[PDB]
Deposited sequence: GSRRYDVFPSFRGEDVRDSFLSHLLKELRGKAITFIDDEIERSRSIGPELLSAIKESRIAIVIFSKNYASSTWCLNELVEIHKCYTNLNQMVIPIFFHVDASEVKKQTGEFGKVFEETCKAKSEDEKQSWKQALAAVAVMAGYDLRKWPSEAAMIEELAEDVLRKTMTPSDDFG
């Protein structure tokens, strides 16, 4: 059905980083969902790890479902690391750890560890949000044909 499923905490990214990503995707004719069982129906899951991704249960459970569609459906998963250390996502250490379960639990740690290591986009390695989002759209678009 869909080209992309986005998993993100709205408070961190919806009005800003996400709007730019979705605009670039749209302009490349990438398909997604305009606001949980839709994940199955999506070829690519773009996961936006932000500072408060670890505070939402809907986020984490969305991620577990994304992880299941990786292992069972060969859903491709692209993690974005948005002002968030990727090692802290993988190891639930530091700031991101603290937020993690101030908030089952082991299925979560398994998803975070699994997706954190995949080929992704670390804003800290990129000159700008605009350029990173550009590369991400071309990677999704050639990942979709």
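Undergrad: Map the modelled residues onto the deposited sequence and report the uncovered stretches in sequence order.
TA: Since the structure holds only modelled residues, the stretches it omits are 1 to 3, 39 to 50, 119 to 125, 168 to 174.
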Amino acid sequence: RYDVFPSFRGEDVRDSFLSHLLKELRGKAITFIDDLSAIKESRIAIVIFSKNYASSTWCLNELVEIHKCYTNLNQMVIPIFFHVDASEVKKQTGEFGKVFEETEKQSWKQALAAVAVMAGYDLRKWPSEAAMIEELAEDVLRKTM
From here on, numbers count along this sequence of modelled residues.
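Undergrad: Decide which of the stretches 109 to 117 and 75 to 83 has the higher mean C-alpha B-factor, going by the entry.
TA: Taking the mean C-alpha B-factor of 75 to 83 and of 109 to 117, the larger value falls to 109 to 117.
Undergrad: For the higher mean C-alpha B factor in the entry, choose 23 to 31 or 60 to 68.
TA: Higher mean C-alpha B-factor: 60 to 68.
Undergrad: So among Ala45, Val89, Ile48, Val99, who wins on Cα B-factor in the entry?
TA: Max CA B-factor in the entry, restricted to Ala45, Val89, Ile48, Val99: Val99.
Undergrad: Should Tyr2 be placed in the lowest, middle or highest third of its chain by the C-alpha B factor in the entry?
TA: According to the entry, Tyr2 has a C-alpha B-factor in the chain's highest third.
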